[PDB]
Amino acid sequence: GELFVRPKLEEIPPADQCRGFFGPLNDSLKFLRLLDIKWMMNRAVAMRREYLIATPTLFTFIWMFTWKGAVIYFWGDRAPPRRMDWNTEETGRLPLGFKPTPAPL
Amino acid sequence: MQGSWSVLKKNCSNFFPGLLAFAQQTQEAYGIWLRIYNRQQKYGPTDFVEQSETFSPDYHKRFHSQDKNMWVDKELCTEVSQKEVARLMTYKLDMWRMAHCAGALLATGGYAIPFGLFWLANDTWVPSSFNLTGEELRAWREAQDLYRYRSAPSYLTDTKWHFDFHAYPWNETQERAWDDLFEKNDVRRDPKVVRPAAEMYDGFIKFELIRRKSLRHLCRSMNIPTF
Amino acid sequence: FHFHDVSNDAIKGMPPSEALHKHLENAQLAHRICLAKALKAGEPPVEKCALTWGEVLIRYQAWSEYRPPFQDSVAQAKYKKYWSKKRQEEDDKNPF
Amino acid sequence: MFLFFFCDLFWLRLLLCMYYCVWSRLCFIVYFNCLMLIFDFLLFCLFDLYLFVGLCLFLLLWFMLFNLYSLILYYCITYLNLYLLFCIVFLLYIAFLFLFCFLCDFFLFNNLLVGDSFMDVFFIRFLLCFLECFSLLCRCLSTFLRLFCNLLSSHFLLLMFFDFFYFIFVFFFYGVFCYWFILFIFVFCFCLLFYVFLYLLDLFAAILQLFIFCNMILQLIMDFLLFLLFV
Amino acid sequence: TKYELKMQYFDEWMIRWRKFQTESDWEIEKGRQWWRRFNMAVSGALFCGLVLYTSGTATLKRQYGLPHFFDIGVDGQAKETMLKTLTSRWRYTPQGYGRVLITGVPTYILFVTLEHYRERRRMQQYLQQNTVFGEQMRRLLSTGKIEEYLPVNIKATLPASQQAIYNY
Amino acid sequence: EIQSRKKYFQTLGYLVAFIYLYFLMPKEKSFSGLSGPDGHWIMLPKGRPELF
Amino acid sequence: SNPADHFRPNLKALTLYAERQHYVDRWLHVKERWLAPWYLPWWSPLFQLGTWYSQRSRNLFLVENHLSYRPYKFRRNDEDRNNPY
Amino acid sequence: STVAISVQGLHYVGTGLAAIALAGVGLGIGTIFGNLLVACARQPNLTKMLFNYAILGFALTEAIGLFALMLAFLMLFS
Amino acid sequence: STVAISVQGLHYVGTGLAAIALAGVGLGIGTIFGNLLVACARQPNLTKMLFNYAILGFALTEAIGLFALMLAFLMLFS
Amino acid sequence: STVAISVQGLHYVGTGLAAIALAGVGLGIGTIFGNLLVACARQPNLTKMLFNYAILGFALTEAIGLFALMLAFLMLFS
Amino acid sequence: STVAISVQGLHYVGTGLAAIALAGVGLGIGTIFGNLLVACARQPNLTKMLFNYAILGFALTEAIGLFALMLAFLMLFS
Amino acid sequence: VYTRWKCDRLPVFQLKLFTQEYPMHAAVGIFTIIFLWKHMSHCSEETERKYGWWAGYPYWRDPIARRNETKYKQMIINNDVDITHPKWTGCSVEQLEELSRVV
Ligand SMILES: CCCCCCCCCCCCCCCCCC(=O)OC[C@H](COP(=O)([O-])OCC(O)COP(=O)([O-])OC[C@@H](COC(=O)CCCCCCCCCCCCCCCCC)OC(=O)CCCCCCCCCCCCCCCCC)OC(=O)CCCCCCCCCCCCCCCCC
Ligand SMILES: CCCCCCCCCCCCCCCCCC(=O)OC[C@H](COP(=O)([O-])OCC(O)COP(=O)([O-])OC[C@@H](COC(=O)CCCCCCCCCCCCCCCCC)OC(=O)CCCCCCCCCCCCCCCCC)OC(=O)CCCCCCCCCCCCCCCCC
Ligand SMILES: CCCCCCCCCCCCCCCCCC(=O)OC[C@H](COP(=O)([O-])OCC(O)COP(=O)([O-])OC[C@@H](COC(=O)CCCCCCCCCCCCCCCCC)OC(=O)CCCCCCCCCCCCCCCCC)OC(=O)CCCCCCCCCCCCCCCCC
Ligand SMILES: CCCCCCCCCCCCCCCCCC(=O)OC[C@H](COP(=O)([O-])OCC(O)COP(=O)([O-])OC[C@@H](COC(=O)CCCCCCCCCCCCCCCCC)OC(=O)CCCCCCCCCCCCCCCCC)OC(=O)CCCCCCCCCCCCCCCCC
Ligand SMILES: CCCCCCCCCCCCCCCCCC(=O)OC[C@H](COP(=O)([O-])OCC(O)COP(=O)([O-])OC[C@@H](COC(=O)CCCCCCCCCCCCCCCCC)OC(=O)CCCCCCCCCCCCCCCCC)OC(=O)CCCCCCCCCCCCCCCCC
Ligand SMILES: CCCCCCCCCCCCCCCCCC(=O)OC[C@H](COP(=O)([O-])OCC(O)COP(=O)([O-])OC[C@@H](COC(=O)CCCCCCCCCCCCCCCCC)OC(=O)CCCCCCCCCCCCCCCCC)OC(=O)CCCCCCCCCCCCCCCCC
Ligand SMILES: CCCCCCCCCCCCO[C@@H]1O[C@H](CO)[C@@H](O[C@H]2O[C@H](CO)[C@@H](O)[C@H](O)[C@H]2O)[C@H](O)[C@H]1O
C-alpha cells in the first residue's frame, strides 16, 4: 500500500522486552530465544523485519504450486502395501561359465 | 550500420594487428587505472571508498548515488594527464566490447565462429584498434555515430514522455527549461535556460532511481554493449 | 501348455513381479503357439506372428523396468512406521 | 501422440488481413483500466506497470474472436479445455509474480502479515499470512475456472434450448391449422422471447467475463505496486 | 575426454533394464548422488566466501553491525569478530559485471570439474563391476553401441521362481 | 505499400486454406474408414539389429 | 452425452504416434553429434547445460527405492483402476 | 462376501441437489436490485453509475450459479 | 460380484429437488418489489425508472428459475 | 447382472419436494405486503399506485409458485 | 455374516450436496453489492474506495466456494 | 527515426519482444510446454477406443490392430529381427518344430 521506511537504530526496542510462548526469555534464558519460534516472530515484528515471516511462507506455497506439487503427483512414493514384495537380491549376477569382455586398456 | 563484405575484409586483414594493439593499450590503460585507483583509495572520501549504500524508497534496491558514489579528483592532474584519461576511456569502451565477445566465445566454444563473421562484417562492435588508416577510422566513427543516432531518440522520448505523463513542472522557468531541453540539434539550446530542468528531474528521478529500460537505451546510445 | 490366471481377482493378491512374469510367460506361449501354427501352415512367420511379437516386446519392457525394492534400514523403517499395530488391526477389521 | 489440427479463425484471420492492411483508430476497449492505473497526479511508479497493455489487448482480441463468434451455430471454441485455460492463466499470473519476486525486495511482502502488532503473531497474524498466500493461488485458479465454466454452461443451455425449439417447431407447427393453434402460438412467442434473451445474455456475459479475466491479473499487479510522489 | 556422451546411453538403458540392478550398482548411484550434494555444498561455500570477501565496507558494517536480533552476546561477539577481520585488511570490492565474474566463474569451474571427474569415477566403477551392468558398460566402450536385451541373451541371473524363460 | 502487398498474399493463402479445410480436408479417424487417416507410427528404428 | 460431444475441435486432420524410447534415443544421438566436436570443451557452459541436468535426473531415477509399484507408463490399458498391469 | 453394485438412477438425485444452489443465487440477485432501487431513491444523480455496479454484481453472483449448473449437466449427462 | 441396478422412479426425486430452486427465485422476486415500494414511497417522482429496473431484476431472477426448471422437466422426462 | 426395479411410492416423495418451493413463494408474498404497509405510511398519497405494483409482484411470485405446483401435481398422478 | 457392498453411484449425491454450499456464497455476494449500492448513494465521493473493499470480500467469499467446488471434482471424478 | 516495430523485420521483432519486453512470460511458457510434452503426451489404446474417435471405435475393423501390425512388421523387416529366437518364444527351435508338428 504505502511506502516502507526501515526503523532507525534508536527506534528498535531492546531484545529483553520481547515475549515468548509463555514469557520473556530474559537473563538465564537467553539461549532459549533460539528455540522459541514465537519469540523470534515477536522480535521480527518489533524490529519491523516482518518479511522473515512472510517471505518463507509465500515462496514455499509457490514452490509447492509449481514444482513439488507435480513431482509428488507423478513420481511420489505411495503408501506401501500390506504384503510387501521385497527384493531377493538374486538378479543381475553373471551366470557361471560366462567370459566377460576385458576392460579398456 | 548494416554489415558489408568490404568491412569484413578490412577487419579480417587487421585482426591480428588489432589484437596486438589492443593488448598494448590494455597494458597502458592498466597502468593508468592503477594510478587512478590508488589515488581514489588514498584521497577519496570515506563514503566513496567504502561504497555507501543508497536504496530506493519503493523497493529498497541499491544503486549508485551521484553525490556519494561519484567523486571528482580535482588534484588528479599531478599524477595523470588529460590524454591518459581519454586513452583510458577509449580503452574502457573497446575492452567492454571485446570482453563481451570473449565471453560469447568461451560460452559457445567453436560455435561462435559464424557469429564472429557477422561481427567482423560491421564496425559497430569492433575495437578502434582494428583501424590502421584514416579512412578506416572515419568509417568506424561513422558506424558509431549511426548507432548513436539509432539509439538516442528512444532514450529522450522515454524520459520526456514519462515525466510529462506522470508530472508537470512547478514554475514557468522550469517549463521553459523542460521544453527547450528536448529540441532538435538544428537549433542551439541555451544552457542557462536549460539548467533548472536538472533540479526539476532530481525532484522527479535521480540517477539512483533510473529504470532498467531507460538504462538500456542510454547504454545503447553510449555504444556500451547491452547483451 | 497352460496359461496363467492374470484376472483382476487373481492379480489382487499377487506381487507385481509375479504378475509381470506371468504376463510375459503368457505372451511367449501365445507367440510360440502362433509360430507353430504358421510353420504347420508353411506360411511366413513375420506375416502372421507380428502382433504376438509386439505383445511379447511390450511385456518385456514392462517386466524389465521394475526392480523390487531392496530391504535396508530406511525401507524397513518406512514400512514399520506406516504399518503400525493399530493400522494392521484396522486393515484386518475392514471387510473390503 | 501428436495431433495436427487447426483453429477456427482462418476466415477471421482473412478478414483481419483484409480490413487492417491500413491503419485505423481504436477508441473502445473492453478493459480500459490497464491504461489508466494512476488517477492522482504527481504519482509515478518506477516499475514497468504498463507492461501488461499489449498482452491485455492481444488476449482480448483472441478471446473475443473465439467466444463472441461462438454464438453463431456450429462455431467451435477450439481452446475450450480446462487445463489449457489453466496453462494460459498460469503463464500470465506466474510470470507477473516471478517478475515481482525476481526484484528480490522482501519488504514488498510485509503486507502479507495481516493485522497490527496488537494481534498475536503466531495464532492470528501468521495464520492470516498463510491464508493470503493460499488466496493468491486460489485467485488464479478461480479466474481460470470461472472463464471455463461460464462458456461451458452458456453453450450447454443454448444447445438444449435450440434442440427443444427445433423439436416443437418441426413436429408441432401443424397445430397452426388446428383448433389448438393459440397454444402453439403462445409457445412459439415464448420461445422467440427466450431465444432473444439468451443471445443478449451470452453476448453481454462474454465481454464481462473477459473484463473480469483481465481485471484479476491487473489486481495482482496492483497489489504490489508502490507509487512515489513528485517533489 | 567427454564421458557424459557415452554415459547417457548407459543410464537410459539401465533405467529401461533397472530390474537387473544389483545392490552394488544402487550403492554406486547413491554415492554419486552424495558426491553431487557434496560438490554443491562446497561450491556454495566458495560462492558465499567470494561474495563476503568482495562485499562493500558499508555493506559489511550494516550486515555485521547493530542491532542484534537475539542479543544473546555470542551473536554480537561473532559479528564484531567477522567485521574486524574483514575490515582490517584491504579488499578488492568490485561492482557490476566484475563481481559477477569473480563470484561465479570460480564456482562454476569448481562444480563442473568436480562433477566431470566424479562422472569419470562412476564410469570406472561400472567398468570394474562383475554384474550385467558392468558387462554392458564394457561392451558399450568396446563396440560403441548399446546392446539391449543383453541380460536375456547371456542369461543373467534371475530369481529361482523366474528361471523358466531360460529353460531352453 | 509493403503491408498492402503482404496482406494481399496472406489473404490469398488464407482463402486457399479456408477452402481446403472446410470443403476438402477429410476428418481423421472415420468410423467407416472411407475418409481420413487412422494414424501411424513414426521415428521407428531402422538398421539397428542390436536394439532387439 | 450428445450435447457434451459438441465441445470438440472440428478440424482434426492427422494423428502421429511415436514411442518415448525411440525419439529420446534420437534426441540423444543428435545431442551427442552436436556436442562431440573437439571445439566444444567439456567445461563449456553449453556442454554442461546439455548434459548435467539429464545426468542428474537419470541418477535420481536410478537411486529411487520406492516401496510401492509404479505401473508402466506406456501400457496398452491404463483405464482399469484394479489392474496396474 | 464382496458385492459390487452400480445404481444408474442416482445421477438424477445429485443433479437436483445442485439446482438448489440456484435458490441462493436467484435470491442474491434480487437482493442487489432491491438495494439498487432503495439507493436510486436516495441519490438519483448516480442512477447510471449504480446501475453499472449492480450489473457487475449480478454477473459475479450469476457466475456461481453456473458452477452448480455445470455439475448438474455433468452428472445428468453421465 | 458385478451387479448392475437401474432404479426407475428416482427421476421423480431429482425433479422435486430442482423445484426447490424456485423458492429462492420466488422470494428474490418478492424482495425486489418490496424494495421498489419503499423507493417509490421515498421518491415518488421516479415511478418509471425504478419500475424498469424492477422488471430487469425480475427477468434475470426468472432466468435463473427457468434454468432450474429446464432440469426439472428434463429429468422428469428421462 | 442387469436388474430393473420400479418403486411405486417415489412419485409421492418428488411431489412433496415440489411443494416445498411454495414456502419461498408464500414468504415472498409477505415481504411485498410487509413493505407495502410501510410505503403507504411513508407516502399515503400513493396508496393506489403502490397497491397496483404490489399486485404485480404478488402475481409474478405466484407465477413461480404455480410453475412448481404443476410439477407437484404431474408426479402425484403419474 | 460379513458382507461388503460398494454402491457405485453415490458420488453423485455427495457432489450435489457440496454444490449446495454455493447458495450461501451467491447470497453473501449479493448482500455485499446490495450494501455497496446503498452505501455509495450515501457517500459518493468515496465510491471508488468502497468498490475496492467490495471486491476484496468477493475475493474472500468466492474462494470458499472453490473448496466446495474442489470437493465436487474430487468425488465426481472418483 | 528508428522503431523496433516499424524498422525491424518480423523475426527480429519477435526475438526482441520475447527477450527484452516479455522474457519471463516466454520462459514460463517454455517451461509449461516442456511439462505438457513430458507428462501429457501419451494415450493408451484403451483410452483411444473410449474417447479417441468421433463416433466411436470401429471394432468391426480394429484399425489399432492394423496400425500396430504395420509398425511391428516394419520394425522386424528393417532391423532383421528373428522372432523365432528362444527369448521371444521361451522355447528352443526344436521344441517349436515339435509343437508345430503336434498341433
Ligand atoms: C575456462 C573456464 C570458463 C568458464 C565459463 C565462462 C563462460 C563465459 C562467461 C564470461 C566469462 C568472462 C569472459 C571474459 C571477460 C574479460 C575479462 C573481464 O572481466 O573484463 C573486464 C570487464 C569488466 O566489466 P566492467 O563493467 O568494466 O566491470 C566493472 C567493475 O567495477 C570493474 O572494476 P574496476 O572498476 O575496479 O576496474 C577493474 C579493471 C581495471 O583494469 C583495466 O582497466 C585493465 C583491463 C583489464 C581487463 C581486460 C579485459 C580484456 C578482455 C578481452 C580479452 C581478449 C579477447 C580476445 C578475443 C579473440 C581471441 C582470438 O580490471 C578488470 O576489468 C577486472 C575485473 C574483475 C576480474 C574479472 C575476472 C574474474 C574471472 C577470472 C578468474 C577466474 C579464476 C578461477 C579459479 C578457479 C578455482 C577453482 O568484463 C566485462 O566486460 C564483463 C563481462 C561481459 C560479459 C558478461 C557475460 C555474462 C557473464 C555471466 C557469468 C556468470 C558466472 C559464470 C557461470 C556462467 C553460467 C551461465
Ligand atoms: C573468426 C572470428 C574471430 C573469433 C571469434 C570472436 C567472437 C565472435 C562471437 C561474438 C560476436 C558478437 C557480436 C555479433 C554481432 C552480430 C549478431 C547478429 O547475428 O546480428 C544479426 C545478423 C545481421 O546483422 P547486421 O546485418 O550486421 O545488422 C546489425 C544491426 O546493428 C542490427 O542490430 P540489432 O541490435 O537490431 O540486432 C539484434 C538482434 C539480433 O538477432 C537477429 O538479428 C536475429 C538473427 C536471426 C534471424 C533469422 C532470419 C531468417 C530465418 C530463416 C529461417 C529458415 C528459412 C528456410 C531455410 C531452408 C534451408 C534449406 O536481436 C537480438 O539481439 C536478440 C537477442 C536474443 C537472445 C536470445 C537469448 C535466448 C535465451 C533463452 C532463455 C534462457 C532463460 C534462462 C533459463 C534458465 C534455466 C535454468 O543476422 C544475420 O546475419 C542473419 C543470419 C541468418 C543465417 C541464416 C538463417 C539461420 C540458419 C541456421 C542454420 C542451422 C544449421 C543446423 C540445423 C540443424 C537441424 C537439426
Ligand atoms: C515469424 C517466425 C520467425 C522465426 C521465429 C523463431 C522462433 C522463436 C520462438 C521463441 C522466441 C523467444 C524466445 C525467448 C526465450 C526467453 C528469453 C529470456 O528469458 O531472456 C532473458 C534475458 C534477456 O536478455 P537481455 O540481455 O536482457 O537483453 C536481450 C536483448 O535482445 C538485447 O538487445 P539489445 O538491443 O539490448 O542488444 C543488442 C546487441 C548488443 O550488443 C552486444 O551485447 C554486443 C555483442 C554481444 C554478443 C554476445 C555476448 C554473450 C556473452 C555471454 C552470455 C552468457 C552465456 C551463458 C553460457 C552459455 C549458455 C549456452 O546484442 C546483440 O546483437 C545480441 C546478438 C545475439 C545473436 C544471437 C541471437 C539468437 C539467434 C539464434 C542463434 C542460436 C540458434 C540455436 C538453435 C539452432 C541450433 C542448430 O536473457 C539474458 O539474460 C541473456 C542470456 C544469454 C545466455 C546465452 C544463451 C542461452 C540460450 C541457449 C543458447 C544455445 C546456443 C546453441 C548454439 C548452437 C548449438 C548447435
Ligand atoms: C507424414 C505426412 C505429412 C506430415 C508430416 C508431419 C511431421 C511431424 C513431425 C513431428 C512433429 C511433432 C509435434 C507436432 C505438434 C503439432 C501441434 C499442432 O498441430 O498444434 C495445432 C496448431 C494450430 O495452430 P493454428 O492456430 O491453427 O495456426 C497455425 C496455422 O498454420 C496458421 O497460422 P498462421 O497463419 O499464423 O501462420 C503464418 C502464416 C501466415 O499466413 C499465410 O502465410 C497464409 C497461408 C497459410 C498457410 C498455412 C495454413 C495451412 C492450412 C491447411 C493446409 C493448406 C493446404 C495444403 C494442401 C496439401 C495437399 C496435400 O504463414 C505461414 O503459414 C507460412 C507458410 C506459407 C507457405 C506458402 C507456400 C507457397 C508455395 C508456392 C509454390 C508455388 C510453386 C509454383 C511452381 C510453378 C512451376 C511452373 O499448430 C501449430 O501451431 C503448428 C504445428 C506445427 C508443428 C510442426 C510440425 C512439423 C513440420 C511439418 C511440415 C510438413 C511438410 C510436408 C508436408 C507435405 C504434404 C503432405
Ligand atoms: C533470487 C530468486 C528470487 C525469486 C524467486 C522466484 C521463485 C519463487 C521462489 C520459490 C521457488 C519456486 C520454485 C520454482 C522452480 C525452481 C526449481 C525448483 O524448484 O527446483 C527444486 C529441485 C528439487 O529437487 P527434485 O528435482 O525434486 O529432486 C529432489 C532430490 O532431493 C534431488 O536430489 P539431489 O541429489 O539433487 O540433492 C538435492 C539436495 C540439495 O542440497 C544439496 O545438494 C546439499 C546442500 C547444498 C547447499 C548449497 C550451499 C548453501 C550454502 C553453503 C554454506 C555457505 C556459508 C559458508 C561459510 C560458513 C561459515 C560458518 O537436497 C536434498 O536432497 C536434501 C538434503 C538435505 C540434507 C539435510 C541434512 C541434515 C543437516 C542439515 C539441515 C539441518 C540443519 C539444522 C541446523 C540447526 C542449528 C541450530 O531442485 C533442488 O532443489 C535440488 C537441485 C538444486 C540445488 C540448489 C542448491 C542451492 C539453493 C539456493 C541456496 C541459496 C539461496 C537461498 C537462501 C537465500 C537467503 C537470502
Ligand atoms: C549452463 C549454466 C547454468 C547455470 C545455472 C545457475 C544459475 C545461472 C548462472 C548465472 C547466470 C548469469 C547471470 C546471473 C544473475 C546476475 C545478477 C546480477 O546482475 O548481479 C549483479 C551483482 C553485482 O552487483 P553489486 O553492486 O556488486 O552487488 C549487488 C548489490 O548488492 C545489489 O543490492 P540490493 O539492494 O539488490 O541487495 C539485495 C541483493 C543482496 O544479494 C546480493 O546481491 C548478494 C549476492 C548474492 C548472495 C546469495 C547468497 C545468500 C546467502 C545464502 C545462504 C544459504 C544457506 C543454506 C544452508 C543450507 C544448509 C543445509 O539481493 C538479494 O537480497 C537476493 C538474495 C538471494 C535470495 C535467494 C532466494 C532463493 C529462493 C529459493 C527458493 C527455493 C528453490 C528450490 C528449492 C531448493 C531447496 C530444496 O552480482 C552479485 O552481487 C553476485 C552475482 C552472482 C551471479 C551468479 C553466479 C553463478 C554461479 C554458478 C555456479 C554453479 C553453476 C552450476 C552449473 C550446472 C550445470 C550447467
Ligand atoms: C575440493 C574438495 C576435494 C575433496 C577430495 C576428497 C576428500 C577426501 C574424501 C572425503 C570423504 C569421502 O567419504 C565419503 O563418506 C560418505 C559417508 O560419510 C560416503 O557415502 C556413503 O554413505 C552415505 C551415508 O549417508 C550414503 O548416503 C552414500 O550413498 C554412501 O556412498 C562416500 O561414499 C564417501 O566417499
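Residues numbered from 1 in each chain as written, not as in the entry; some residues may be left out. Chains lettered and ligands numbered in written order. Part of a larger assembly, values for the part shown. Heavy atoms only, no water.

- Method information in the entry identifies cryo-EM as the source of the structure, with 3.5 Å recorded as the resolution.

- Identification of chain L as subunit-i/j from Trypanosoma brucei brucei is taken from the PDB entry.
- Per the PDB header, the title for this entry is "rotational state 1c of the Trypanosoma brucei mitochondrial ATP synthase dimer".

Things to note about the overall build of chain E
At step 1: In terms of regular secondary structure, chain E is built from seven helices and zero strands.
At step 2: Compactness check: chain E gives a C-alpha radius of gyration of 26 Å against a globular reference of 15 Å for 168 residues, more than 25% above the reference.
At step 3: Counting only C-alpha atoms and orienting by the principal axes, one finds that chain E spans roughly 80 × 35 × 20 Å.
At step 4: Put simply, chain E has 168 residues, and 49% of those count as buried.
At step 5: When contacts within chain E are restricted to residue pairs at least 6 apart in sequence, long-range pairs at least 24 apart make up 69% of them.
At step 6: With the model as given, the accessible surface of chain E reaches about 8000 Å², and the carbon-plus-sulfur share is 59%.
At step 7: Separation between the mean location of the 24 positive side-chain charges and that of the 15 negative ones in chain E comes to 6 Å. (Helix = DSSP H or I, 4+ residues; strand = E, 2+ residues; numbered from the N terminus. Rg over C-alpha atoms; globule rule 2.2 N^0.38 Å. Buried < 20%, exposed > 50% of the residue type's maximum accessible area, 1.4 Å probe, protein only. Contact = heavy atoms within 4.5 Å. Areas by Shrake-Rupley, 256 points an atom, 1.4 Å probe, with all protein chains shown as cover. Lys, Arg positive; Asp, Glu negative; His and termini not counted. Charge placed at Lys NZ, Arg CZ, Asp CG, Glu CD.)

Regarding the site of ligand 1
At step 1: Residues in contact with ligand 1 amount to 25 residues; listed here are only the nearest, B:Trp96, B:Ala99, E:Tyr92, E:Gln95 and E:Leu101.
At step 2: Near ligand 1, residues from chains B, E and G are present, making the site a shared one.
At step 3: Take E:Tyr92: an N or O atom from its side chain is 3.2 Å from an oxygen atom of ligand 1.
At step 4: Within the backbone of E:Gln95, a nitrogen or oxygen atom sits 3.0 Å from an oxygen atom of ligand 1.
At step 5: Taken by itself ligand 1 offers 2100 Å² of open surface, and the protein chains cover 63% of this.
At step 6: Those elements giving two or more residues to the shell around ligand 1 turn out to be α2 (15-43) and α4 (82-108) of chain B together with α5 (97-128) of chain E. (Near = heavy atom within 4 Å. Polar contact = N/O pair within 3.5 Å; in protein donor to acceptor, adjacent residues only side chain to side chain.)

Observations regarding the interface of chain E and chain G
At step 1: Every contact between the two is made by 29 residues of chain E and, on the other side, 30 residues of chain G.
At step 2: For the pair chain E and chain G, the interface holds two salt bridges.
At step 3: Run the count over chain E and chain G and you get 16 residue pairs in polar contact.
At step 4: The set of elements that each furnish at least two residues to the side of chain E that touches chain G consists of α1 (3-16), α2 (23-54) and α5 of chain E. (Salt bridge = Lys/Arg side-chain N within 4 Å of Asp/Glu carboxyl O.)

Observations concerning the packing of α1(E) against helix α6 (residues 132-143) of chain E
Residues and elements named next belong to chain E.
At step 1: Viewed as axis vectors pointing N to C, α1 and α6 meet at an angle of 145 degrees, and their least axial separation amounts to 11 Å. The handedness of the crossing between α1 and α6 comes out as right-handed. Residue-level contacts link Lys6, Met7, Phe10, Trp13 and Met14 of α1 to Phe133, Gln136, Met137, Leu140 and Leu141 of α6.
At step 2: Its residues assigned to classes, the contact of α1 with α6 comprises eight nonpolar, one polar and one charged. (Axes fitted to C-alpha atoms, helices over the stretch in contact; angles between N-to-C directions. Left-handed = near helix turned anticlockwise from the far one by under 90°. Nonpolar A, V, L, I, M, F, W, Y, C, P; charged D, E, K, R; others polar.)

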